[PDB]
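Report on the following structure.
FYI the Cβ positions are ideal-geometry reconstructions off the backbone, even for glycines, and counts take in every protein chain you see. Every number in this text was worked out from the coordinates using simple rules, so none of it is lab data.
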Amino acid sequence: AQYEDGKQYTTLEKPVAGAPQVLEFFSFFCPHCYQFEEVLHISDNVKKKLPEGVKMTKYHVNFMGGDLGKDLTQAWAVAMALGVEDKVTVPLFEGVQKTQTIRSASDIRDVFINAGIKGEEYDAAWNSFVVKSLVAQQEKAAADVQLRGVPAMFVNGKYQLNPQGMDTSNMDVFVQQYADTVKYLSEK
């Protein structure tokens, strides 16, 4: 058929109960993740095609970059808690991978300050248990899909996007196929 198990997507041997409808994993340290977000705009192309009432969730992962990796997962938690994902995503990617001016937790924080988040506001979120639990969910979700690598995307805790089973020649066609596959999986 057009969409086939083992081609555009695979099926989790062990489905995750209560998982987000569309779940993306990434790291600000991840070069393929930079491509996905900053050049391909995979997240945004996926959301533009999701059925009505399908929320898209994006989590950060710890296993890249050691101590700063964890700082970045915690900062992403802050971004989620404050709802400023669309203000900090581009400068966090560029700060980690393009300019490499992000070397410490303080440097991460600078990104938020610059984006207009008040220091008091960032610090209170950073030290909050609401943010600790958000870090815990992100780590749990990764465990639940037995996550091996990033970028990755899962639909209804049942299906894992398989970009390797899609075309790479045109970026745009690749991105469309990816977005089109997520929508198919969401309605499945």
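Structure above, values below:
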{"quantity": "Neighbour-limited loop hits for GluC sites (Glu not before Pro), segment 1-45 (at most 10 other Cβ within 10 Å; DSSP other than H, G, I, E, B)", "calculated": "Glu4, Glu13"}
{"quantity": "Cα centroid of segment 78-152 to Cα centroid of segment 46-75, whole Å", "calculated": "9"}
{"quantity": "For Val22, distant residues with modelled amide H under 5 Å away", "calculated": "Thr57, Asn156"}
{"quantity": "Low-density loop cleavage sites - trypsin sites (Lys or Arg not before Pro) in segment 81-114, where at most 14 other Cβ are within 10 Å (DSSP)", "calculated": "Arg103"}
{"quantity": "Spin-label model distance (nm) - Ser104 vs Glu38, 7 Å beyond Cα toward Cβ", "calculated": "2.3"}
{"quantity": "For the chain, with +1 on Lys and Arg beta carbons and -1 on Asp and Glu, the positive-most of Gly119, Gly65, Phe25 along the dipole", "calculated": "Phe25"}
{"quantity": "Among beta bridges that DSSP assigns inside the chain, antiparallel share in %, nearest 5", "calculated": "60"}
{"quantity": "Estimated 222 nm signal from helices in the chain, with DSSP H stretches of n ≥ 4 weighted -39500 (n - 2.57), rounded to 500", "calculated": "-13500 deg cm²/dmol"}
{"quantity": "Cα-centred dipole magnitude for the chain, charges only on beta-carbon of K, R (+1) and D, E (-1), debye, nearest 20", "calculated": "320"}
{"quantity": "Note, ³J(HN,Hα) from phi for segment 104-111, Karplus 6.51, -1.76, 1.60, rounded to Hz, x at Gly and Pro", "calculated": "8, 4, 4, 5, 4, 3, 3, 4"}
{"quantity": "Coil-residue trypsin sites (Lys or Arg not before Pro) of segment 38-69, DSSP, other Cβ within 10 Å capped at 13", "calculated": "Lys48, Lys55"}
{"quantity": "For the chain, radius of gyration divided by Kirkwood radius, i.e. Rg to Rh on alpha-carbons", "calculated": "0.97"}
{"quantity": "Rounded to 10°, Cα long-axis angle of helix 66-82 versus longest principal axis of the chain", "calculated": "90"}
{"quantity": "Degrees between helix 171-186 axis and first principal axis of the chain (Cα, 0 to 90, nearest 10)", "calculated": "80"}
{"quantity": "Under Karplus coefficients 6.51, -1.76 and 1.60, residue-wise ³J(HN,Hα) of segment 5-21 in Hz, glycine/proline x", "calculated": "3, x, 10, 7, 7, 10, 10, 5, 3, 9, x, 8, 6, x, 5, x, 4"}
